[PDB]
Each structure stands twice: as C-alpha cells, then as structure tokens.
Amino acid sequence: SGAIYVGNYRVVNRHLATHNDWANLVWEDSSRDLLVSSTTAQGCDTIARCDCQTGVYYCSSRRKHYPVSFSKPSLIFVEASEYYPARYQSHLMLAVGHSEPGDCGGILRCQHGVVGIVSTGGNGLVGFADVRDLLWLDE
Ligand SMILES: COc1ccccc1[C@H](N)C(=O)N1CCC[C@H](C(N)=O)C1
Ligand SMILES: [Zn+2]
C-alpha cells in the first residue's frame, strides 16, 4: 500500500483504490495502473520533472529504502495477476530489487522529487508506474 500526496491530489495504484477514491475521482488509467483522487488537506510530496534513471524506492516487505538504477518509462508485458489479465502496461520502469504484491504504492524518488510508485514485481525485479509526465499534478 502507499500513495503520493501532492497539492490536493492523492495518487494510488488503480488496483488498490478505495471506494472513497472512486467517489472523489480526478483521473484513472488502467493501462498505467494509476488513479488520482481529490483530498481535503494539502500534501507535502513534490513531483520530479526530469529524466533521472537512478533513485531510491521504499520496500515495505523489508522496511527498507533501496537505491536502484531503473529503465525509461516504456510499454512492458506484465503477466496475469489477481488484479489484471496478462497485458501491456504503459509508462512502466523496471529495476533490479526486491518486491512482493503488498509493496505496491511504495515511492520511488530522485534528487528532484517523487518519480513514481511500485506497481509490479517478481523474480528479483520491481516495476514502477512513472508520474513525471503528469504536469497537472502541480496545478
Ligand atoms: C509488486 O508486485 C509483485 C511483486 C513480486 C511478485 C509479484 C508481484 C505482483 N503479482 C505483480 O506484479 N502484480 C500484481 C498487482 C498488479 C500488478 C500490475 N500493475 O499489473 C502486477
Ligand atoms: Zn530526477
């Protein structure tokens, strides 16, 4: 679990969105596994606006933050899970690192701010849903 809180927005994995998220919906995209809802209080996270390929992510199944090198956002085939059939997920970046299903939502960040959140994993890989192209999150 986990979310990004920027301005009056809450960014979560679409597959983990709550009923309150759907009832206060701003935008959602199943192909990216992202959903954004509106919040009453203002958030403290800042979104990175860069092309960094190194950063640090939070792994809840280890209570640890790990530094990683990650690929550029791309269209990647993701195997069938209990939340989605086997499909191509877009705007996804891969890194070598530990992940388990409940790790989705953990933040990946670089020197400029938040880059994205954990969305996929398995076999010593972790995939992050990028949010750096969503310029409207800052307005
Ligand atoms: C962090 O997730 C994992 C980590 C290790 C092993 C396996 C997993 C998950 N079975 C996983 O990859 N997904 C399940 C949740 C939906 C994901 C998606 N965005 O399509 C795919
Ligand atoms: Zn950066």
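What's counted below: heavy atoms across the whole structure, side chains too, no hydrogens, waters or symmetry copies. When a residue number appears, it is its place in the shown sequence, counting from 1.
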Run the side-chain donor-acceptor check on residues 132-139: report pairs under 3.5 Å with partners two or more places apart or on a different chain.
residue, atom, partner, partner atom, Å
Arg132, NE, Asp130, OD1, 2.9
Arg132, NH1, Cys50, O, 3.3
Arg132, NH1, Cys52, O, 3.1
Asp133, OD1, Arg32, NH2, 2.7
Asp133, OD2, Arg32, NH1, 2.9
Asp138, OD1, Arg49, NH2, 2.8
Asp138, OD2, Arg49, NE, 3.0
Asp138, OD2, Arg49, NH2, 2.8

Q: Please test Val131 against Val11 for side chain to side chain contact (heavy atoms under 4.5 Å, CB included), starting from the C-alpha separation and ending with a verdict.
A: CA-CA 9 Å; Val131 298; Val11 187; 4.2 Å; yes
Q.
When you compare the side chain of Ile4 with that of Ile117, does any pair of heavy atoms fall below 4.5 Å?
A. yes
Q. Nearest 0.5 Å, what's the OG-OH distance between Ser37 and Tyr9?
A. 11.0 Å
Q | Verify same cluster id: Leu92, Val96 (apolar side-chain graph, 4.5 Å) | A | no
Q. Which value, rounded to the nearest 0.5 Å, describes the distance between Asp103 atom CG and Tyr57 atom OH?
A. 7.0 Å
Q | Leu34 side chain reached by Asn13 side chain, heavy atoms, under 4.5 Å | A | no
Q) Among the clusters formed by ILVMFWY side chains lying less than 4.5 Å apart, do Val26 and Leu16 turn up in the same one? A) no
Q.
Check for me, please, whether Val118 and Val56 land in the same ILVMFWY cluster - side-chain distances under 4.5 Å, paths through other members count.
A. no
Sequence neighbours excluded and cut-off under 3.5 Å, please list the side-chain donor-acceptor pairs for residues 119-129, or say none.
residue, atom, partner, partner atom, Å
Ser119, OG, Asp33, OD2, 2.7
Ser119, OG, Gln89, NE2, 3.0
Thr120, OG1, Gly127, N, 3.4

List the atom pairs, donor and acceptor, that lie under 3.5 Å between side-chain atoms in residues 62-79 and the rest of the protein, sequence neighbours left out.
residue, atom, partner, partner atom, Å
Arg62, NH2, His98, NE2, 3.4
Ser71, OG, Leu94, N, 2.9
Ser74, OG, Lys72, O, 2.6

Q | Ion pair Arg14/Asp29, N-O distance below 4.0 Å | A | no
Q: Work out which heavy atom in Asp45 is nearest to a heavy atom in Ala3; give both atom names and the distance.
A: OD2-O, 4.3 Å
Q.
Within the structure provided, determine whether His112 and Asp51 are in side-chain contact (heavy-atom separation under 4.5 Å).
A. no
Q: With the side chain counted from C-beta on, respond yes when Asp21 and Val12 share a heavy-atom pair under 4.5 Å apart, and no when they do not.
A: yes
Q: In sequence, state the C-alpha distance, the side-chain angles, and the governing distance for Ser38 and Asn8, and then conclude on side-chain hydrogen bond (donor to acceptor under 3.5 Å, both in side chains).
A: CA-CA 6 Å; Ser38 60; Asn8 289 265; over 6 Å; no
Q. Do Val115 and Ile107 sit in the same hydrophobic cluster, where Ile, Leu, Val, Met, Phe, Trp and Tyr count as joined when their side-chain heavy atoms come under 4.5 Å apart?
A. no
(Q) When you compare the side chain of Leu108 with that of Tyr58, does any pair of heavy atoms fall below 4.5 Å? (A) no
